[PDB]
$ cat model.pdb   # PDB, C-alpha atoms and all ligand atoms
ATOM      1  CA  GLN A   1      -0.176  64.943  -3.121
ATOM      2  CA  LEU A   2      -3.676  65.924  -4.354
ATOM      3  CA  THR A   3      -6.132  68.562  -3.088
ATOM      4  CA  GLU A   4      -9.185  68.074  -0.853
ATOM      5  CA  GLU A   5     -11.337  68.983  -3.876
ATOM      6  CA  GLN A   6      -9.603  66.393  -6.066
ATOM      7  CA  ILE A   7      -9.809  63.618  -3.451
ATOM      8  CA  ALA A   8     -13.559  64.256  -3.099
ATOM      9  CA  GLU A   9     -13.736  64.081  -6.897
ATOM     10  CA  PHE A  10     -11.941  60.765  -7.007
ATOM     11  CA  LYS A  11     -14.102  59.497  -4.134
ATOM     12  CA  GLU A  12     -17.042  60.201  -6.452
ATOM     13  CA  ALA A  13     -15.339  58.218  -9.235
ATOM     14  CA  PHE A  14     -14.456  55.395  -6.854
ATOM     15  CA  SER A  15     -18.129  55.152  -5.815
ATOM     16  CA  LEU A  16     -19.132  54.328  -9.457
ATOM     17  CA  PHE A  17     -17.181  51.069  -9.114
ATOM     18  CA  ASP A  18     -17.937  50.213  -5.478
ATOM     19  CA  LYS A  19     -21.557  49.140  -6.151
ATOM     20  CA  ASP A  20     -22.228  47.807  -2.611
ATOM     21  CA  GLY A  21     -20.658  50.841  -0.868
ATOM     22  CA  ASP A  22     -18.451  48.621   1.326
ATOM     23  CA  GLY A  23     -15.312  50.590   0.472
ATOM     24  CA  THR A  24     -13.794  47.880  -1.722
ATOM     25  CA  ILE A  25     -13.920  47.272  -5.484
ATOM     26  CA  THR A  26     -14.213  43.589  -6.276
ATOM     27  CA  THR A  27     -13.596  41.822  -9.571
ATOM     28  CA  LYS A  28     -17.361  41.320  -9.854
ATOM     29  CA  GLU A  29     -17.914  45.049  -9.428
ATOM     30  CA  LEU A  30     -15.237  45.901 -11.989
ATOM     31  CA  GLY A  31     -16.791  43.405 -14.362
ATOM     32  CA  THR A  32     -20.207  44.992 -13.943
ATOM     33  CA  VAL A  33     -18.687  48.412 -14.734
ATOM     34  CA  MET A  34     -16.855  47.143 -17.753
ATOM     35  CA  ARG A  35     -19.903  45.433 -19.216
ATOM     36  CA  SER A  36     -21.956  48.624 -18.632
ATOM     37  CA  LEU A  37     -19.268  50.212 -21.009
ATOM     38  CA  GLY A  38     -19.779  47.606 -23.710
ATOM     39  CA  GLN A  39     -16.745  45.493 -22.732
ATOM     40  CA  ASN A  40     -16.527  41.811 -21.771
ATOM     41  CA  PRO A  41     -13.345  41.102 -19.874
ATOM     42  CA  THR A  42     -12.757  37.546 -18.659
ATOM     43  CA  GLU A  43     -12.479  36.581 -15.026
ATOM     44  CA  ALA A  44      -8.688  36.415 -15.510
ATOM     45  CA  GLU A  45      -8.429  39.846 -17.127
ATOM     46  CA  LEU A  46     -10.435  41.353 -14.330
ATOM     47  CA  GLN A  47      -8.021  39.830 -11.751
ATOM     48  CA  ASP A  48      -5.148  41.188 -13.806
ATOM     49  CA  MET A  49      -6.658  44.701 -13.897
ATOM     50  CA  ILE A  50      -7.022  44.595 -10.105
ATOM     51  CA  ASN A  51      -3.536  43.063  -9.595
ATOM     52  CA  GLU A  52      -1.788  46.003 -11.321
ATOM     53  CA  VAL A  53      -2.994  48.390  -8.648
ATOM     54  CA  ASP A  54      -3.490  46.172  -5.573
ATOM     55  CA  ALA A  55      -1.218  47.255  -2.755
ATOM     56  CA  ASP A  56      -2.101  44.825   0.052
ATOM     57  CA  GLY A  57      -2.677  41.858  -2.223
ATOM     58  CA  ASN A  58      -6.135  41.335  -0.760
ATOM     59  CA  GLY A  59      -7.996  40.849  -4.046
ATOM     60  CA  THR A  60      -9.716  44.229  -4.189
ATOM     61  CA  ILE A  61      -9.103  47.995  -4.800
ATOM     62  CA  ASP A  62      -9.637  50.254  -1.748
ATOM     63  CA  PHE A  63      -9.586  54.013  -2.084
ATOM     64  CA  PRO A  64      -5.860  54.723  -1.723
ATOM     65  CA  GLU A  65      -5.032  52.141  -4.412
ATOM     66  CA  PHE A  66      -7.669  53.665  -6.708
ATOM     67  CA  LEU A  67      -5.952  57.071  -6.471
ATOM     68  CA  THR A  68      -2.426  55.801  -7.105
ATOM     69  CA  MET A  69      -3.595  54.217 -10.331
ATOM     70  CA  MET A  70      -4.848  57.567 -11.601
ATOM     71  CA  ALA A  71      -1.176  58.624 -11.856
ATOM     72  CA  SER A  72      -1.480  54.540 -26.283
ATOM     73  CA  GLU A  73      -3.270  56.153 -29.187
ATOM     74  CA  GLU A  74      -5.350  53.100 -30.082
ATOM     75  CA  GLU A  75      -6.414  52.764 -26.429
ATOM     76  CA  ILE A  76      -7.638  56.352 -26.354
ATOM     77  CA  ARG A  77      -9.464  55.981 -29.701
ATOM     78  CA  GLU A  78     -11.208  52.847 -28.511
ATOM     79  CA  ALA A  79     -12.317  54.624 -25.340
ATOM     80  CA  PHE A  80     -13.552  57.670 -27.275
ATOM     81  CA  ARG A  81     -15.756  55.350 -29.367
ATOM     82  CA  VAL A  82     -17.458  54.152 -26.172
ATOM     83  CA  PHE A  83     -18.759  57.679 -25.547
ATOM     84  CA  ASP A  84     -19.191  58.775 -29.152
ATOM     85  CA  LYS A  85     -22.051  56.348 -29.799
ATOM     86  CA  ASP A  86     -23.163  57.773 -33.143
ATOM     87  CA  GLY A  87     -19.590  57.987 -34.339
ATOM     88  CA  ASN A  88     -19.950  61.625 -35.411
ATOM     89  CA  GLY A  89     -16.666  62.669 -33.898
ATOM     90  CA  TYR A  90     -18.067  64.588 -30.948
ATOM     91  CA  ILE A  91     -19.181  63.491 -27.532
ATOM     92  CA  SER A  92     -22.409  65.299 -26.839
ATOM     93  CA  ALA A  93     -23.987  66.013 -23.447
ATOM     94  CA  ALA A  94     -26.661  63.416 -24.370
ATOM     95  CA  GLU A  95     -23.998  60.782 -25.129
ATOM     96  CA  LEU A  96     -22.182  61.486 -21.846
ATOM     97  CA  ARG A  97     -25.547  61.319 -19.996
ATOM     98  CA  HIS A  98     -26.270  57.938 -21.529
ATOM     99  CA  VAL A  99     -22.960  56.488 -20.519
ATOM    100  CA  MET A 100     -23.216  57.807 -16.982
ATOM    101  CA  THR A 101     -26.776  56.528 -16.658
ATOM    102  CA  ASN A 102     -25.784  53.036 -17.702
ATOM    103  CA  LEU A 103     -22.992  53.252 -15.042
ATOM    104  CA  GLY A 104     -25.783  53.888 -12.558
ATOM    105  CA  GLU A 105     -25.310  57.632 -12.112
ATOM    106  CA  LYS A 106     -28.475  59.644 -13.045
ATOM    107  CA  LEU A 107     -27.135  63.193 -13.552
ATOM    108  CA  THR A 108     -29.177  66.355 -14.035
ATOM    109  CA  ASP A 109     -28.650  68.095 -17.373
ATOM    110  CA  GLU A 110     -26.678  70.830 -15.560
ATOM    111  CA  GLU A 111     -24.283  68.295 -14.023
ATOM    112  CA  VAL A 112     -23.878  66.708 -17.503
ATOM    113  CA  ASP A 113     -23.174  70.105 -19.010
ATOM    114  CA  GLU A 114     -20.508  70.923 -16.365
ATOM    115  CA  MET A 115     -18.699  67.624 -17.048
ATOM    116  CA  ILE A 116     -18.605  68.449 -20.776
ATOM    117  CA  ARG A 117     -17.542  72.029 -20.073
ATOM    118  CA  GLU A 118     -14.541  70.801 -18.083
ATOM    119  CA  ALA A 119     -13.286  68.773 -21.053
ATOM    120  CA  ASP A 120     -14.348  71.213 -23.810
ATOM    121  CA  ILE A 121     -11.488  73.420 -25.012
ATOM    122  CA  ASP A 122     -12.847  75.133 -28.157
ATOM    123  CA  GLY A 123     -16.111  75.954 -26.410
ATOM    124  CA  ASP A 124     -18.459  74.345 -28.972
ATOM    125  CA  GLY A 125     -20.175  72.539 -26.061
ATOM    126  CA  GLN A 126     -18.997  69.029 -27.124
ATOM    127  CA  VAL A 127     -15.832  66.953 -26.700
ATOM    128  CA  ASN A 128     -13.957  66.087 -29.845
ATOM    129  CA  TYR A 129     -11.165  63.524 -30.130
ATOM    130  CA  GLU A 130      -8.315  65.961 -29.600
ATOM    131  CA  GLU A 131      -9.974  67.412 -26.471
ATOM    132  CA  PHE A 132     -10.518  63.871 -25.308
ATOM    133  CA  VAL A 133      -6.840  63.050 -25.788
ATOM    134  CA  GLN A 134      -5.833  66.145 -23.812
ATOM    135  CA  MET A 135      -8.133  65.238 -21.048
ATOM    136  CA  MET A 136      -6.152  61.985 -20.722
ATOM    137  CA  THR A 137      -2.683  63.112 -21.459
TER     138      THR A 137
ATOM    139  CA  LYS B   1     -15.852  68.187 -10.587
ATOM    140  CA  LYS B   2     -16.569  65.061 -12.580
ATOM    141  CA  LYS B   3     -13.578  65.336 -14.993
ATOM    142  CA  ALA B   4     -12.035  62.844 -12.495
ATOM    143  CA  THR B   5     -15.063  60.642 -13.204
ATOM    144  CA  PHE B   6     -14.781  61.172 -16.965
ATOM    145  CA  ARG B   7     -11.020  60.409 -16.679
ATOM    146  CA  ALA B   8     -11.525  57.372 -14.422
ATOM    147  CA  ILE B   9     -13.848  55.747 -16.900
ATOM    148  CA  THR B  10     -11.508  56.415 -19.760
ATOM    149  CA  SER B  11      -8.453  55.134 -17.896
ATOM    150  CA  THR B  12     -10.265  51.970 -16.866
ATOM    151  CA  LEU B  13     -11.200  51.415 -20.497
ATOM    152  CA  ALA B  14      -7.603  51.976 -21.581
ATOM    153  CA  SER B  15      -6.519  49.373 -18.948
ATOM    154  CA  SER B  16      -8.859  46.752 -20.387
ATOM    155  CA  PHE B  17      -7.727  47.334 -23.967
ATOM    156  CA  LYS B  18      -4.074  47.042 -22.913
ATOM    157  CA  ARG B  19      -4.284  43.301 -22.101
ATOM    158  CA  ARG B  20      -5.932  42.179 -25.377
TER     159      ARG B  20
HETATM  160 CA    CA C 201     -17.744  46.921  -2.985
HETATM  161 CA    CA C 202      -6.520  46.052  -1.668
HETATM  162 CA    CA C 203     -21.424  61.728 -31.068
HETATM  163 CA    CA C 204     -15.276  71.112 -27.990
END

$ encode --input "model.pdb" --output "structure tokens"
Amino acid sequence: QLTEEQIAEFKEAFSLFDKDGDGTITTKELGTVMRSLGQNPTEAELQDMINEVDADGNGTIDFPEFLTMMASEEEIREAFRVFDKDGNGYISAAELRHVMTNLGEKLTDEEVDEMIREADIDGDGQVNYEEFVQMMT
Amino acid sequence: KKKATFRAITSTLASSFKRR
């Protein structure tokens, strides 16, 4: 049972996927998101991704089902490489900004800095792989 | 704030990689 703050936070995340704002994430919307992250899932894999979390079997992710879902090493490495575009071992504010922009979310530099700060543990102002793992685990 | 967003993206990536 999450907090009001956290729900609002996840609502913000959910909105990155729901491109038409109709309160439902479709396979087409998930596909758009995934391609904006450098991936190319097939129609079937997109259905599968939706199926794992779909409570009412209606084809799409609504907001409750999105939250439930948010309940391996190679998977985390592969995801880190999406953000760490120059492969230097650190996700910079600029790299995070780029990814968010391509997702259709134009953040101010302060908002980009706060997102990094939340994940940064050593306080060098970037996210390394170990900090990234911790964020997820 | 957007650590949920940063997490959501990462999780969704992890999901996609799973079914390779
Ligand atoms: Ca939608
Ligand atoms: Ca549904
Ligand atoms: Ca980098
Ligand atoms: Ca750091």

$ residues_around --input "model.pdb" --residues "residue B:18" --least-positions-apart "2" --cutoff "10 Å" --atoms "all atoms listed in the file" --output "ChimeraX atom specification"
/A:49,72,74-75 /B:12-16,20

$ residues_near_ligand --input "model.pdb" --ligand "ligand CA 201 (chain C)" --cutoff "6 Å" --atoms "all atoms listed in the file" --output "JSON, numbers by chain"
{"A": [18, 19, 20, 21, 22, 23, 24, 25, 26]}

$ write_last_selection --input "model.pdb" --atoms "C-alpha atoms" --output "PDB file, in the frame of the given file"
ATOM      1  CA  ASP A  18     -17.937  50.213  -5.478  1.00  0.00           C
ATOM      2  CA  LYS A  19     -21.557  49.140  -6.151  1.00  0.00           C
ATOM      3  CA  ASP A  20     -22.228  47.807  -2.611  1.00  0.00           C
ATOM      4  CA  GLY A  21     -20.658  50.841  -0.868  1.00  0.00           C
ATOM      5  CA  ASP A  22     -18.451  48.621   1.326  1.00  0.00           C
ATOM      6  CA  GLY A  23     -15.312  50.590   0.472  1.00  0.00           C
ATOM      7  CA  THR A  24     -13.794  47.880  -1.722  1.00  0.00           C
ATOM      8  CA  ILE A  25     -13.920  47.272  -5.484  1.00  0.00           C
ATOM      9  CA  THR A  26     -14.213  43.589  -6.276  1.00  0.00           C
TER      10      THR A  26
END

$ residues_around --input "model.pdb" --residues "stretch 93-106 of chain A" --least-positions-apart "3" --cutoff "12 Å" --atoms "all atoms listed in the file" --output "VMD selection string"
(chain A and resid 12 to 13 15 to 19 29 to 38 79 to 90 109 to 120 124 to 128) or (chain B and resid 2 to 3 5 to 6 8 to 10)

$ closest_residue --input "model.pdb" --among "A:130, A:6, A:108, A:122" --to "chain B" --atoms "all atoms listed in the file"
A:6

$ atom_distance --input "model.pdb" --atom1 "atom CA of residue A:69" --atom2 "atom CA of residue A:57"
14.8 Å

$ closest_residue --input "model.pdb" --among "A:67, A:133, A:91, A:107" --to "ligand CA 204 (chain C)" --atoms "all atoms listed in the file"
A:91

$ atom_distance --input "model.pdb" --atom1 "atom CA of residue A:9" --atom2 "atom CA of residue A:135"
15.3 Å

$ atom_distance --input "model.pdb" --atom1 "atom CA of residue A:44" --atom2 "atom CA of residue A:65"
19.6 Å

$ closest_residue --input "model.pdb" --among "A:137, A:131, A:10, A:51" --to "ligand CA 204 (chain C)" --atoms "all atoms listed in the file"
A:131

$ residues_near_ligand --input "model.pdb" --ligand "ligand CA 202 (chain C)" --cutoff "8 Å" --atoms "only C-alpha atoms and all ligand atoms" --output "list in words"
residues 24, 54, 55, 56, 57, 58, 59, 60, 61, 62 and 65 of chain A

$ resolve_selection --input "model.pdb" --expression "the PyMOL selection byres (((chain A and resi 2) around 12) and not hetatm)" --output "MDAnalysis selection string"
chainID A and resid 1 3:10 64 67:68 70:71

$ write_last_selection --input "model.pdb" --atoms "C-alpha atoms" --output "short mmCIF file (atom, residue, chain, number, x, y, z; two decimals), in the coordinates of the input"
data_model
loop_
_atom_site.label_atom_id
_atom_site.label_comp_id
_atom_site.auth_asym_id
_atom_site.auth_seq_id
_atom_site.Cartn_x
_atom_site.Cartn_y
_atom_site.Cartn_z
CA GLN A 1 -0.18 64.94 -3.12
CA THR A 3 -6.13 68.56 -3.09
CA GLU A 4 -9.18 68.07 -0.85
CA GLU A 5 -11.34 68.98 -3.88
CA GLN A 6 -9.60 66.39 -6.07
CA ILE A 7 -9.81 63.62 -3.45
CA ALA A 8 -13.56 64.26 -3.10
CA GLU A 9 -13.74 64.08 -6.90
CA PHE A 10 -11.94 60.76 -7.01
CA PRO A 64 -5.86 54.72 -1.72
CA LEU A 67 -5.95 57.07 -6.47
CA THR A 68 -2.43 55.80 -7.10
CA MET A 70 -4.85 57.57 -11.60
CA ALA A 71 -1.18 58.62 -11.86
#

$ closest_residue --input "model.pdb" --among "A:42, A:92, A:27, A:47" --to "ligand CA 203 (chain C)" --atoms "all atoms listed in the file"
A:92

$ axis_aligned_box --input "model.pdb" --around "stretch 47-56 of chain A" --padding-each-side "6 Å" --output "lines of an AutoDock Vina configuration file"
center_x = -4.6
center_y = 44.1
center_z = -6.9
size_x = 18.8
size_y = 20.6
size_z = 25.9

$ decode --input "model.pdb" --residues "stretch 6-20 of chain B" --atoms "N, CA, C and O atoms" --output "compact mmCIF listing (two decimals), in the first residue's frame"
# COMPACT_ATOMS: atom_id res chain seq x y z
N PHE B 6 12.42 6.84 -13.48
CA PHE B 6 13.70 6.28 -13.87
C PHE B 6 13.58 4.74 -13.69
O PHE B 6 14.05 3.95 -14.52
N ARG B 7 12.95 4.31 -12.58
CA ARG B 7 12.71 2.89 -12.33
C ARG B 7 11.80 2.22 -13.35
O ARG B 7 12.04 1.07 -13.76
N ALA B 8 10.74 2.94 -13.73
CA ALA B 8 9.70 2.41 -14.63
C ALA B 8 10.29 2.10 -15.98
O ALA B 8 10.02 1.04 -16.62
N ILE B 9 11.13 3.02 -16.44
CA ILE B 9 11.81 2.82 -17.72
C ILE B 9 12.70 1.63 -17.63
O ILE B 9 12.70 0.80 -18.52
N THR B 10 13.44 1.51 -16.53
CA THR B 10 14.41 0.44 -16.43
C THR B 10 13.74 -0.93 -16.37
O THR B 10 14.16 -1.90 -17.04
N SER B 11 12.69 -0.98 -15.55
CA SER B 11 11.87 -2.19 -15.40
C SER B 11 11.27 -2.64 -16.72
O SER B 11 11.23 -3.85 -17.02
N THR B 12 10.76 -1.67 -17.48
CA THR B 12 10.14 -1.99 -18.77
C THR B 12 11.19 -2.53 -19.74
O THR B 12 10.94 -3.47 -20.48
N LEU B 13 12.38 -1.95 -19.70
CA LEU B 13 13.50 -2.51 -20.44
C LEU B 13 13.78 -3.96 -20.03
O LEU B 13 13.75 -4.89 -20.87
N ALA B 14 13.98 -4.16 -18.73
CA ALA B 14 14.24 -5.49 -18.20
C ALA B 14 13.18 -6.52 -18.68
O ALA B 14 13.53 -7.66 -19.06
N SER B 15 11.91 -6.12 -18.67
CA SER B 15 10.81 -6.94 -19.19
C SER B 15 11.04 -7.39 -20.63
O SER B 15 10.86 -8.58 -20.96
N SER B 16 11.42 -6.44 -21.47
CA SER B 16 11.63 -6.73 -22.89
C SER B 16 12.79 -7.70 -23.12
O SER B 16 12.70 -8.59 -23.99
N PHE B 17 13.86 -7.52 -22.34
CA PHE B 17 15.04 -8.36 -22.48
C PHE B 17 14.74 -9.79 -22.05
O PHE B 17 15.26 -10.75 -22.62
N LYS B 18 13.86 -9.92 -21.05
CA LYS B 18 13.49 -11.21 -20.48
C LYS B 18 13.06 -12.21 -21.56
O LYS B 18 13.53 -13.35 -21.55
N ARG B 19 12.20 -11.77 -22.48
CA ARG B 19 11.58 -12.68 -23.46
C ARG B 19 12.33 -12.75 -24.81
O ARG B 19 11.71 -12.88 -25.89
N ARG B 20 13.66 -12.66 -24.75
CA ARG B 20 14.52 -12.80 -25.92
C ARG B 20 14.84 -14.28 -26.15
O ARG B 20 14.92 -15.05 -25.19
